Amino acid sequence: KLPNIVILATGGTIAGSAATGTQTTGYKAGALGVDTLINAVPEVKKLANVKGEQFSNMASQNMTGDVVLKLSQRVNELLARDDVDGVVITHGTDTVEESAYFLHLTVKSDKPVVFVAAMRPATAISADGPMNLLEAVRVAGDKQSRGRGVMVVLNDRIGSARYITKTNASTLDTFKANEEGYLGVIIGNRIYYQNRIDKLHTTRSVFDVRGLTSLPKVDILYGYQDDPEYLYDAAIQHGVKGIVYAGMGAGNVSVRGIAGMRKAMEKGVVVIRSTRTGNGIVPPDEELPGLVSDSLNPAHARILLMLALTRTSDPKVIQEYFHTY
């Protein structure tokens, strides 16, 4: 009768433990085990039959592509089992959007995959982790949650991995998608589903990574007044396969950036022009080098580019991925 949910722990402030109730820096993110998290919210056991698995225990600023690859592989294994109805992944907030979007493109199942995180450590006064986890378990176990793509659940909100981003350095309500909104919200112990994303993901995605053991190198370069050509030269010299440009406005580029991007393209590096602004569409512009990010922000664009480079070097195909995923 209860759903079977695996809580797969990777680390984060959600598993952080500090010396006092108001310590906000200098505590170890990813100190507490997945069973400690579970045991602090015994209410979870009335929503699902939960099993904890300790995948890693790191702060998400140290999450790396090779590890995210393994996480995606393990989640694909789990969801292929009949005794697993969904998976909740505990993660740090800083790079959750990157990890979640990676799994959104690579998990070949319609069963729910819900990332959860906490802006305050577990020891903190008014810690948000307990309720965030409870909400994430509720979402992962609900039959209505299937086929929605990978989700990110904090602060009563259910965000699509493709749209959601950490918008604020430090607040509980940081995760928002200003232009695209939330997939749903959790209020009064009930899920209210609002939207389905109109993009390819999960079971309809071409991005299979089950045979892979590493990913193509992609760096992100910022756009600003006086931005230097030499950062493009260094990226090329170090063997990047892609550069994502966090551009000025709508992916616009200085004379120096144009020179860098042209040098990159000459050396077989794919350039995606995204925006530093935080939101909105980078439109095509045939007068400029590179491809355009559609509404993907720089961190998301890097994840799609990395995966696109496992399949193709055809700029028409990559550009179409950015308009469809």
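In case it trips you up, residue 1 is the first one in the sequence shown, and so on.
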Got a sec? Mean C-alpha B-factor, which is higher, 26-34 or 49-57? 26-34
Per the record, averaged over C-alpha atoms, which has the higher B-factor: 108-116 or 208-216? 208-216
Out of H201, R190, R196, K143, which one has a C-alpha B factor higher than all the others in the entry? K143
When the entry's CA B-factors for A80, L103, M248, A122 are compared, the highest one belongs to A122
What third of its chain's C-alpha B-factors does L296 belong to: lowest, middle or highest? lowest
Based on the deposited C-alpha B factors for this chain, I'd like to know if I14 is in the lowest, middle or highest third. highest
Third of chain Cα B-factors occupied by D85: middle
Ordered by C-alpha B-factor within the chain, which third holds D94? Give me lowest, middle or highest, please. middle
Split the chain's modelled residues into thirds by Cα B-factor; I158 lands in the lowest
